[PDB]
Amino acid sequence: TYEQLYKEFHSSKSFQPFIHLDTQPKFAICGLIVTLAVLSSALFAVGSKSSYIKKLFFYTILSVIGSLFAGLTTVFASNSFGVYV
Amino acid sequence: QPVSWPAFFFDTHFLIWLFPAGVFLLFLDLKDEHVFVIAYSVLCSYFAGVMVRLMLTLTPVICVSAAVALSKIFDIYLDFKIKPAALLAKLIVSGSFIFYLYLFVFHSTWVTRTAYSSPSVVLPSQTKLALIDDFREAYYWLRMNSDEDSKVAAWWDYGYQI
Amino acid sequence: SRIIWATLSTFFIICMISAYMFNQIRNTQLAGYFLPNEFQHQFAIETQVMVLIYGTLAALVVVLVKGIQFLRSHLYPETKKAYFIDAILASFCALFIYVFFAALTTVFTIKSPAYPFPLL
Amino acid sequence: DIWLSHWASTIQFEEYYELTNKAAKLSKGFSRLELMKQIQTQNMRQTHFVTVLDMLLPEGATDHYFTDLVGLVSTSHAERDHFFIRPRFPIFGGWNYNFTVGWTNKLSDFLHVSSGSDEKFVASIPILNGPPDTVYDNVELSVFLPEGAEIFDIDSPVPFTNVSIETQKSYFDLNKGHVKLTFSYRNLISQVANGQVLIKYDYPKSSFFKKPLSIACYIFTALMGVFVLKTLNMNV
Amino acid sequence: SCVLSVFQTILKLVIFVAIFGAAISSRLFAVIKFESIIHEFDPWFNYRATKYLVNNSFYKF
Amino acid sequence: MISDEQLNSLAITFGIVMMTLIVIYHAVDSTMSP
Ligand SMILES: CCCCC/C=C\C/C=C\CCCCCCCC(=O)O[C@H](COC(=O)CCCCCCCCCCCCCCC)COP(=O)([O-])OCC[N+](C)(C)C
Ligand SMILES: CCCCC/C=C\C/C=C\CCCCCCCC(=O)O[C@H](COC(=O)CCCCCCCCCCCCCCC)COP(=O)([O-])OCC[N+](C)(C)C
Ligand SMILES: *[C@@H]1O[C@H](CO)[C@@H](O[C@@H]2O[C@H](CO)[C@@H](O[C@@H]3O[C@H](CO)[C@@H](O)[C@H](O)[C@@H]3O)[C@H](O)[C@H]2NC(C)=O)[C@H](O)[C@H]1NC(C)=O
Ligand SMILES: *[C@@H]1O[C@H](CO)[C@@H](O[C@@H]2O[C@H](CO)[C@@H](O)[C@H](O)[C@H]2NC(C)=O)[C@H](O)[C@H]1NC(C)=O
């Protein structure tokens with residue numbers, strides 16, 4: 017019903033955003049420093065020398081952390097340059 | 002189509018006079034690798050002497066030979082492992098070539114911004130800083146207001162853009 | 002030998018990047034040194050002047066690399082101040098690089114009249 | 045095509061017009077001399093051809109653009125609430141012109157959170173923005189909800205010809221993609237069809253954070269792919 | 002070469018980031034000033050041939 | 010979008026950071042190599 021959805025529309029709150037667009041490139045830069053420090057220190061855990069199981073362990077936990085900071089960073093840096101989502 | 006020397010200074014700032022000294026410095030310890038750089042310098046320097054689009058194959062060997070001469074100078078004048086006279090001389094000879102490396106950036110960005118960054122479609126003749134897009138106006142008239150199998154006989158140097 | 006082929010091929014490079022064949026193909030004439038405010042065209046002694054310029058900066062580069070141990074002994078017989086004399090001599094070689102490179106960008110400034118880095 | 049976006053909190057309008065001028069055609073062809081003298085004589089009264097278009101946009105519109113097929117057009121003027129447009133050639137009687145305009149509104153005034161559930165949104169979209177004197181022979185209104193949205197209810201004030209729900213992959217749509225809810229209206233008037241399309245959907249936070257987690261899944265499997273290609277011995 | 006190789010590897014990587022930034026950002030004086038469009042009379046056919054490749058098959062290209 | 014003077018400042022600062030860290034790499038390499 018268009019009238020039920022019209023009443024249900026005009027009696028509602030507005031969209032309160034999660035993170036605004038004007039603070040979001042700063043999250044992109046700080047997130048780039050975080051995931052670049054974590055992933056930049058992740059290729060040297062496989063890089064220098066170790067055993068195998070500790071190299072696998074620290075590589076996979078540090079690659080999980082740097083990978084999720086990388087994904088959230090490129091969402092915010094996607095929204096910063098003009099394209100959205 | 003021969004070319005004059007201000008295109009040689011214009012396209013490469015200070016690499017044009019490290020280009021021969023790199024070759025002469027690549028003779029004095031002549032491995033089998035360096036015969037390629039010498040022949041690729043002597044040959045393609047002739048071809049860019051005769052033509053103008055053969056400057057484009059000359060451009061990499063100017064960078065390689067300038068990079069071997071400048072790293073020989075920086076090789077024997079960044080050895081910081083003493084005495085204040087030699088240290089003062091090493092700073093006054095390294096700090097000159099660092100200054101040319103910084104001048105190369107401002108030259109290479111001024112030349113790019115002025116002489117090689119312009120559209121071939123928008124024609125800013127300023128008949129006032131006015132832009133002119135009569136080519137896209139007319140060609141988009143042909144795209145919009147003509148039957149899609151009409152044949153357009155223009156002169157040949159505008160043949161692709163149509 | 003090796004140095005003679007080096008000097009012949011390097012001098013060939015000097016004569017080619019100083020645009021000798023624009024003076025060979027396009028028959029140019031001399032009037033009175035340079036063509037001011039005219040980028041494309043060339044006088045026939047400008048090739049000779051630029052051979053002097055490019056040749057002397059390349060010569061100062063190779064003196065500045067493999068010419069410092071040879072001129073600290075040929076020009077001064079003593080050995081007690083080797084670092085002092087060859088240090089000063091390398092510094093003067095850098096100074097002549099700066100002078101002749103200013104004598105390159107000055108000539109390019111009188112060729113192309115609006116050049117914002119004349120280095121003088 | 046409109047594009048709802050919960051991460052940017054913005055709605056993004058893009059419109060593709062294929063307009064003709066059904067006025068009287070002009071005899072003796074077209075001559076720029078008579079047109080330019082007709083401009084230089086007086087005042088540009090009311091006549092047939094099209095020189096400028098007045099696009100009436102929603103209230104706060106930010107990033108205006110106006111392109112043709114071959115490139116962009118620089119003769120456009122985006123003043124407050126009004127987007128003026130000059131095409132490349134003046135559209136005389138019978139001539140065609142296909143162009144594209146676009147702008148960007150904030151989402152806080154087109155989208156409204158429902159009351160019963162926090163993760164259920166209701167959007168009301170302006171059905172038609174354009175010049176004040178136009179008649180639309182075909183309209184297809186594609187609204188694009190984000191990747192995890194699920195449409196519950198659909199209401200339109202104008203009786204449409206068609207409606208369908210598809211998906212379409214835009215930038216960083218690693219999974220199935222945006223939910224393309226597309227309406228097909230046939231015969232509309234610019235002045236008459238004052239309406240808003242009401243979509244009621246949900247968009248839970250389980251699917252709101254799956255975008256950076258999906259991009260994190262590709263970066264993670266790429267780097268474990270790097271680990272397999274560096275613990276592997278190939279030395280003959 | 003205990004610590005030195007790591008520091009020279011990091012310097013080499015930051016060097017190629019600066020080289021790619023200088024080698025991309027110095028090209029874009031005509032795209033950012035006017036528009037991204039194909040220039041200078043010849044690559045309109047290369048662009049139309051690439052459009053033919055991406056709309057149709059490679060066997061048809 | 011970025012302007013043209015700001016792109017000129019971006020291109021020049023990538024050039025200066027580029028040549029600066031090249032010279033730093035060559036100094037650290039030429040001092041501490043056998
Ligand atoms: C290798 C490490 C990362 C390397 C990073 C390299 C470069 C980043 C630096 C600068 C680039 C940003 C400049 C954007 C220019 C304006 C955009 C535009 O205007 O063009 C866009 C093209 O969109 C793009 O391409 C997206 C570019 C996104 C770049 C953001 C950074 C992400 C980098 C990727 C990281 C790895 C990915 C992993 C995925 C699994 C045209 O959009 P449209 O015509 O459809 O407009 C209408 C839009 N509707 C359709 C919504 C209405
Ligand atoms: C190989 C390494 C590559 C090195 C660099 C390569 C290319 C650089 C050359 C040119 C770039 C110039 C940009 C031209 C376009 C202008 C747009 C513009 O300037 O955006 C500016 C702001 O931007 C910024 O704050 C930049 C934010 C931080 C940048 C982060 C870097 C991206 C990389 C992240 C990838 C992480 C994943 C890791 C994967 C391992 C705004 O513009 P607007 O008003 O149009 O936005 C539309 C209006 N809102 C604001 C409402 C939306
Ligand atoms: C710009 O938009 C206009 C408006 O839609 C497009 O015009 C349409 O183009 C198609 C194909 O060129 C025409 O179909 C033709 O119909 C005639 C009979 O009417 C037939 O003889 C042809 O074989 C073809 O099927 C269509 O009539 C025409 N519409 C109008 C109102 O003229 C135009 O193609 C678009 N141009 C570009 C460059 O996208
Ligand atoms: C109503 O819209 C649907 C879209 O779902 C149309 O169906 C598509 O029609 C195209 C023809 O151009 C086919 O290629 C697709 O396969 C169809 N999709 C489906 C799911 O059927 C349909 O034709 C439209 N009907 C009318 C009367 O406009």
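Chains as they are written, first to last, in my numbering: chain A, 17 to 101; chain B, 2 to 163; chain C, 2 to 121; chain D, 45 to 280; chain E, 2 to 62; chain F, 10 to 43. The beta carbon of each residue, even a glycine, is placed where N, CA and C say it ideally should be.
Candidates the options: which alpha carbon is nearest residue i's?
i, options, result
"residue 143 of chain D", "D:243, D:130, D:265, D:217", "D:130"
"residue 237 of chain D", "D:208, D:210, D:204, D:137", "D:204"
"residue 49 of chain B", "C:20, C:56, C:105, C:115", "C:20"
"residue 222 of chain D", "D:231, D:210, D:232", "D:210"
"residue 71 of chain D", "D:115, D:100, D:83, D:136", "D:136"
"residue 38 of chain E", "D:62, D:89, D:116", "D:116"
"residue 14 of chain F", "B:157, B:149, B:110", "B:110"
"residue 56 of chain B", "B:142, B:98, B:10", "B:10"
"residue 244 of chain D", "D:47, D:226, D:53, D:168", "D:168"
"residue 160 of chain D", "A:89, A:88, A:27", "A:27"
"residue 50 of chain E", "E:3, E:19, E:61", "E:61"
"residue 53 of chain C", "C:119, C:108, C:23, C:79", "C:108"
Identify the contact partners of residue i in chain F, using a Cβ-Cβ distance below 7 angstroms as the criterion.
i, result
"residue 15 of chain B", "Chain F residues near residue 15 of chain B: none, gap ~12 angstroms exceeds 7 angstroms."
"residue 76 of chain B", "39"
Closer than 8 angstroms by beta-carbon distance: list the chain B residues that pair up with residue i, in chain order.
i, result
"residue 1 of chain E", "The displayed coordinates of chain E run from 2 to 62. Any statement about residue 1 of chain E would go beyond what the structure contains."
"residue 27 of chain E", "109, 110, 113"
"residue 1 of chain E", "Here chain E covers residues 2 to 62 and nothing more, so residue 1 of chain E does not appear."
Under 8 angstroms Cβ-Cβ, which residues of chain D neighbour residue i?
i, result
"residue 50 of chain A", "Those do not exist, as residue 50 of chain A stays about 13 angstroms from chain D at its closest Cβ, beyond 8 angstroms."
"residue 42 of chain A", "Here the premise fails: no neighbours, minimum Cβ distance about 15 angstroms."
Tell me whether residue i sits in a helix, a strand or coil according to DSSP, three-state version.
i, result
"residue 184 of chain D", "strand"
"residue 18 of chain B", "coil"
"residue 144 of chain D", "strand"
"residue 33 of chain A", "coil"
"residue 63 of chain C", "helix"
"residue 150 of chain D", "strand"
"residue 69 of chain E", "In the structure as shown, chain E begins at 2 and stops at 62. Residue 69 of chain E is therefore absent and cannot be evaluated."
"residue 165 of chain D", "strand"
"residue 85 of chain B", "helix"
"residue 53 of chain C", "helix"
"residue 79 of chain C", "coil"
"residue 235 of chain D", "coil"
Mind listing the chain B neighbours of residue i? Cutoff is C-beta to C-beta under 9 angstroms, in chain order.
i, result
"residue 12 of chain F", "Neighbours of residue 12 of chain F on chain B: none; closest Cβ ~13 angstroms, over 9 angstroms."
"residue 61 of chain D", "The premise fails here: residue 61 of chain D is roughly 12 angstroms from chain B at the closest Cβ pair, so nothing lies under 9 angstroms."
Using the beta-carbon count (16 or more within 10 Å), is residue i buried or exposed?
i, result
"residue 99 of chain D", "buried"
"residue 123 of chain D", "exposed"
"residue 92 of chain B", "exposed"
"residue 100 of chain B", "exposed"
"residue 7 of chain B", "buried"
"residue 273 of chain D", "exposed"
"residue 208 of chain D", "exposed"
"residue 185 of chain D", "buried"
"residue 247 of chain D", "buried"
"residue 1 of chain C", "No information on residue 1 of chain C is available, as it lies outside the stretch 2 to 121 that chain C covers here."
"residue 46 of chain A", "exposed"
Residues of chain B with CB closer than 7 angstroms to the CB of residue i, please, in chain order.
i, result
"residue 31 of chain E", "118, 119, 120"
Interface residues of chain E around residue i at Cβ under 8 angstroms?
i, result
"residue 115 of chain D", "36, 38"
Would you mind telling me which residues of chain F sit closer than 8 angstroms to residue i, beta carbon to beta carbon, in chain order?
i, result
"residue 12 of chain E", "30, 33, 34, 37"
"residue 15 of chain E", "30"
Taking Cβ-Cβ distances shorter than 7 angstroms, what residues in chain D pair up with residue i?
i, result
"residue 138 of chain B", "132, 133"
"residue 132 of chain B", "118"
Against residue i, what residues of chain G qualify as contacts under a CB-to-CB distance less than 7 angstroms, listed in chain order?
i, result
"residue 93 of chain B", "No chain G is present in this structure, whose protein chains are A, B, C, D, E and F."
- Task: Pair every Cβ in the segment 61 to 77 of chain C with every Cβ in the segment 22 to 31 of chain C, then say whether three or more of these pairs are closer than 8 angstroms.
- Result: no
- Cβ pair count under 8 angstroms reaching 3, the segment 27 to 44 of chain A against the segment 59 to 78 of chain A: no
- Message: Would the segment 17 to 25 of chain B count as touching the segment 37 to 51 of chain C if we require 3 or more Cβ pairs under 8 angstroms?
- Response: no
- Just checking, does the segment 144 to 164 of chain D make contact with the segment 72 to 91 of chain D on the three C-beta pairs under 8 angstroms criterion? no
- At least three beta-carbon pairs within less than 8 angstroms, the segment 52 to 71 of chain B to the segment 85 to 93 of chain C: no
- Would you say the segment 90 to 105 of chain D touches the segment 173 to 182 of chain D, given that touching needs at least three Cβ pairs under 8 angstroms? yes
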